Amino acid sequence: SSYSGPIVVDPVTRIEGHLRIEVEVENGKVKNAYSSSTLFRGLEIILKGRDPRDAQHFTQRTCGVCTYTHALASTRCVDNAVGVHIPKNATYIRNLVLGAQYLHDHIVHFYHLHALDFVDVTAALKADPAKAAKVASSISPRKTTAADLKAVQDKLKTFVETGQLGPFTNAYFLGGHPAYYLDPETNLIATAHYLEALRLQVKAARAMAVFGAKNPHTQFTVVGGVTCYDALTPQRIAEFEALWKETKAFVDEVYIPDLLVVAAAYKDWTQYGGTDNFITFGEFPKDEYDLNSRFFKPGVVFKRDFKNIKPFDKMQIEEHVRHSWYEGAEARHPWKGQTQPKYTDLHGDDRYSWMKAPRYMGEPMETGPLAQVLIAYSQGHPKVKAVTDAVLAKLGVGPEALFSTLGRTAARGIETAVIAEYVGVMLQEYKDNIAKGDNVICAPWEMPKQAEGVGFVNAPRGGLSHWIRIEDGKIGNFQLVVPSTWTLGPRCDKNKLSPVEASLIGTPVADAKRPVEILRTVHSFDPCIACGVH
């Protein structure tokens, strides 16, 4: 019958970094999958022996998509190792830059990385812009007119008629494709908003630079707090607040309504891409030394048992190498980590990736927006509960819909909406604290000769941790365990498929030469291979 045989997708585009996905398909459905990360840099090797204060500048260059997040994780890690308790204002400013990062990151992911799996941009040219404008105005309080959308259509028409399709060259939707479902008018609205998002994200990123010097790769964190005395001024706070407000409006008025319209059209995608286990670290602390003080709390769930959320024990993480291109087969806790590259080529000695395979109590764990949202929901988080219930009700689906590619994509929008609102709460608290006369942003500290430290960040892709062993006041060991490592790393020495590999089993493939269904699931995890491998 249908296709039986291998499919390889190399490069996987519209991700960060260098990913090769291999699947075996039987009768048009995926029966096996391998997640192969094909670039190694070795930042952990490079850090050895250096000044712990330098680590955040190197590790920030783990990734420029999730920029700032590694600087924050390393600074939390060295703050922890030195035993410094940073001032309240440093926590606020660090938290505000992080909230801005999530909004930038998720908006770009949905439009610029994910949406071409679901939107036929060329079909937008046949749409009726008056009909499209009525649809757009019914899903958003933002009023869109026929002329608004005709402007987009005319621009796209001129682009396509030049024959230079640029980033749309060889798109899987060109010519039509059976797994693309949208009508012309919905394709035109999504395309209009893709283009709009290209300029809105400039403002979303600018918000990070107001306090954080620049985007990408911020430069305002130090051990002990932050450096940006200008961030205390009413002028910088007003500039941030105006950019945040505009970004939140876009989230609420453009991204979430689009996400819901697309999800409604692709409701069969509730049936693919599910996973069993979830881990999240919590984010936006009131207390840098207490994860349970975070607005989102840490937690662990096995086999979708959300009635029995397990506390997160940081000692139950081990990183496997048996199916990775490193020496040997021994899993290691990151305070005893090892990064000893040894390449065997694809499936040589059963090894096929430069990512290690993190396991929690021996199990493969999804992390990222779906873990953060589901675990916060199950902890009774009122804001997460209110918008996930509203999203479920709009879509007319039950909560089991969330254990899927569609649900993961929706969770990314839910977390964006919730964080966009919480950034305003954080901003008010920050303003309040300045008004009490607290203008301190950095605290003094001393470097110990020997210490261990760990820093935890829940980044846009999930639980990030940096682990340091200080020896003679220098980096004796520095290990990064990154969200995409959890999600997209390979099998472990118990041969358990990782979340992305397992989630791919059962994927239908209508056309093996244009396997957009594989990209829909892989992209729903928002892979970052520079992150996962470092």
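Counting begins at 1, following the sequence as shown.
Here the stretch with the larger average CA B-factor, out of 19 to 27 and 514 to 522, is 19 to 27. Stretches 455 to 463 and 426 to 434 differ in mean C-alpha B factor, with the higher average recorded for 426 to 434. The PDB entry gives the largest Cα B-factor of the residues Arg412, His333, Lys394, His112 to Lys394. Comparing C-alpha B-factors across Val202, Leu243, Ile139, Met355 in the deposited entry, the largest value falls on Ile139. Sorting the modelled residues of the chain by their CA temperature factor places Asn32 in the highest third. When all modelled residues of the chain are sorted by CA temperature factor, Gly380 is found within the highest third.
In the deposited entry, the Cα temperature factor of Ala55 sits in the bottom third of values across the chain's modelled residues. For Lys310, the recorded CA B-factor ranks within the highest third of the chain. Only modelled residues enter the ranking. Compared with the other modelled residues of the chain, the Cα B-factor recorded for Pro129 ranks in the highest third.
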